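Chemist: First the structure, which I've put down as structure tokens, then a few questions once you've had a look.
What is reported rests on the model, the rules as stated and the sources as named; nothing here is a laboratory result. So basically every Cβ, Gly included, is an ideal-geometry build from the backbone, and we count neighbours across all protein chains shown.
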Amino acid sequence: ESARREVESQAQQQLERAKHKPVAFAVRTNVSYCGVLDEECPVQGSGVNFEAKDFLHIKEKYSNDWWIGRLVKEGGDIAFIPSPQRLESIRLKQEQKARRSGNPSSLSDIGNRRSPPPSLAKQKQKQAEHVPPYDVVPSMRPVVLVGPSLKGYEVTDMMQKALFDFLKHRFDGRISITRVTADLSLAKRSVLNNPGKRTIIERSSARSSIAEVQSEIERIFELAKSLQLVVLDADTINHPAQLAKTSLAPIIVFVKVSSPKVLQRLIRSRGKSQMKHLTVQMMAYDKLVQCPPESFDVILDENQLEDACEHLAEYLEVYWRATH
Amino acid sequence: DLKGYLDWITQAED
């Protein structure tokens, strides 16, 4: 067929001209698949070998089943991503290769009950949870500081404040510092079509502060869309679990005390107001250290300031170059 | 681990 080869060259010429175009948005995956073995790829031999929890930077539009995108790997190539509707077609192929996919058990029972597949055997049913295969994400995952204790205190707010002095100096003109006043741990997506849409409903959600949350969330989407990082100073997030289920999924930059014994020595050197909060400060520290290592992306446990700055700077420099 | 966690944590504003 001449058409398949002609459209392949036509797509490649479109791919070649797409290396100098602005980035629109990004997507997040949660399932393992190979994009080269699929027969629906517009370009053959240039598929994507992505895995679970992989981020793709979609810039332009191609069709309703494939989207042009780029990975986060250094020196990568422009690839294609199946659409959630297209992913819905390829996921049905996985469960059809087995003996059965619906209700009828095939335990040596053939020829008596044909059992045509009902609606429960398809994706129309099973809508109690309906986890979305693809979650839309900003251009880059935000970087935030978590721990080692309750935010806002003299010991904790001041220590993380010292980091942002170095981050701004090194990354002038490419990152921005923003103070997140509103809460972020209550970012829900599958609660309602538009909770608290109007301020005159006089409802429990409408009159509360839930409405303000979405304004800050959309502010993050816009600022991150400009291909620039975001620096946040929210004082209501103390554990990584409060953002793992969130569709934002920021990078967890971990700062920790080397030993719990020396941690309480820090509080005793500040002032009488701090030892009053030392009782609750220690309780949060223990609940944070035993978090799984895979929940942390950046670590900062050195006792020296210089090694603390360059550990984050190297990762930021790598991430900045990663998207290009 | 205390000497670093006493100056760096304090050199910012104090």
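Chemist: How many residues does segment A:304-324 hold that are among the polar types (S, T, N, Q) and crowded, with 16+ Cβ neighbours inside 10 Å?
Modeler: 1
Chemist: Does residue A:145 meet the test of being in the same structural domain as residue A:228 (by CATH) and in contact with a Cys (Cβ under 9 Å, 6 or more places away or on another chain)?
Modeler: In short, no.
Chemist: Just to be sure, is residue A:280 more than 15 Å from residue A:150 (Cβ to Cβ), in contact (Cβ under 8 Å) with a residue 12 or more places away in the chain and away from every other protein chain (no Cβ under 14 Å)?
Modeler: Answer is no for this residue.
Chemist: Mind listing just one residue for me: the one in segment A:132-189 that is in contact with a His (Cβ under 8 Å, 6 or more places away or on another chain) and hydroxyl-bearing (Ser, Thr, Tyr) and, of those, farthest from the other protein chains (Cβ to nearest Cβ)?
Modeler: By that ranking, first place goes to A:139.
Chemist: Which residues, taken from segment A:19-28, are part of a loop (DSSP other than H, G, I, E, B) and touching a strand residue (DSSP E or B) at 6+ places or on another chain (Cβ under 7 Å)?
Modeler: Those that are part of a loop (DSSP other than H, G, I, E, B) and touching a strand residue (DSSP E or B) at 6+ places or on another chain (Cβ under 7 Å): A:23, A:24, A:25.
Chemist: Hey, another quick one. Say we look at segment A:259-277 and pick out the residues that are free of Cβ contacts under 8 Å to residues at least 40 places away in the same chain and farther than 13 Å from residue B:2 by Cα; which of these is surrounded by the fewest Cβ atoms within 10 Å (Cβ to Cβ)?
Modeler: The residue in question is A:272.
Chemist: Can I ask one more? Pick from segment A:255-277 the residues that are away from chain B (no Cβ under 14 Å) and not charged (D, E, K, R): which of them is nearest to residue A:237 (Cα to Cα)?
Modeler: Among residues in segment A:255-277 that are away from chain B (no Cβ under 14 Å) and not charged (D, E, K, R), the one nearest to residue A:237 (Cα to Cα) is A:277.
Chemist: From the set of residues in segment A:283-303 that are in a loop (DSSP other than H, G, I, E, B) and either exposed (fewer than 12 other Cβ atoms within 10 Å of the Cβ) or at positive phi (or both), which is farthest from the other protein chains (Cβ to nearest Cβ)?
Modeler: Checked segment A:283-303; the qualifying residue farthest from the other protein chains (Cβ to nearest Cβ) is A:292.
Chemist: Look at segment A:238-258 and say how many of its residues are over 20 Å from residue A:140 (Cα atoms) and touching a residue at least 60 places away in the same chain (Cβ under 8 Å).
Modeler: 5
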